[PDB]
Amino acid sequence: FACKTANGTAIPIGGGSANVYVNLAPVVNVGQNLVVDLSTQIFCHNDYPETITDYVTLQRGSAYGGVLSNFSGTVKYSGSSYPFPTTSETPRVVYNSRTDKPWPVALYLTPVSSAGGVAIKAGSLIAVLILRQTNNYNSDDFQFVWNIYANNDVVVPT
């Protein structure tokens, strides 16, 4: 089991960490959602599907900078919604193919009432998402740490 980003940055067998740079909607009004869809950015595969079934969870999701300060978040994992920053590990997603399959994570961030102006700064850390991978074969338990960075400023109109 290993993962890679849309630009080819990889995390090999045994886990580790990688930076993900995301393009964000430039304008988000109060009452609207800023969608950070990581399913188009993070892809994983099973290296031995003939014998092993891999299990993948979103172990934890943390918010930073402008996202922590100016937004109220929700994380959608494989069709279900949870608070963001996260309060529990999600259920498991099965990886049973060598074909690169998306990690089904998407953040839904709506501005808090105090938000106005530049709510997210270009180049800043916005989130840390921990992918936890286990299997039905041995005691392998690995963390794939995704550091999410904003590629651009996000303005909340006033």
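For every residue, the number given is its place in the sequence shown, counted from 1.
K.L.:
Do the C-alpha atoms of 90-98 or of 42-50 have the higher average B factor in the entry?
P.N.:
For C-alpha atoms only, the mean B-factor is higher in 42-50.
K.L.:
Taking only the CA atoms, which stretch has the higher mean B-factor in the record, 141-149 or 9-17?
P.N.:
Stretch with the higher mean C-alpha B-factor: 9-17.
K.L.:
Would the CA B-factor of residue 104 place it in the lowest, middle or highest third of its chain?
P.N.:
It belongs to the lowest third of the chain when residues are ordered by C-alpha B-factor.
K.L.:
Hey, what third does residue 110 fall into on Cα B-factor, ranked over its chain?
P.N.:
Tercile = middle for this residue's CA B-factor.
K.L.:
How does the C-alpha B factor of residue 73 compare with the rest of the chain: lowest, middle or highest third?
P.N.:
Highest third - that is where residue 73 ends up once the chain's C-alpha B-factors are sorted.
K.L.:
When the deposited Cα B-factors of this chain's modelled residues are ordered and cut into thirds, is residue 129 in the lowest, the middle or the highest one?
P.N.:
Its C-alpha B-factor, which the entry lists for residue 129, ranks in the lowest third among residues of this chain.
K.L.:
Splitting the chain's C-alpha B-factors into thirds, which one does residue 29 fall into?
P.N.:
Highest third.
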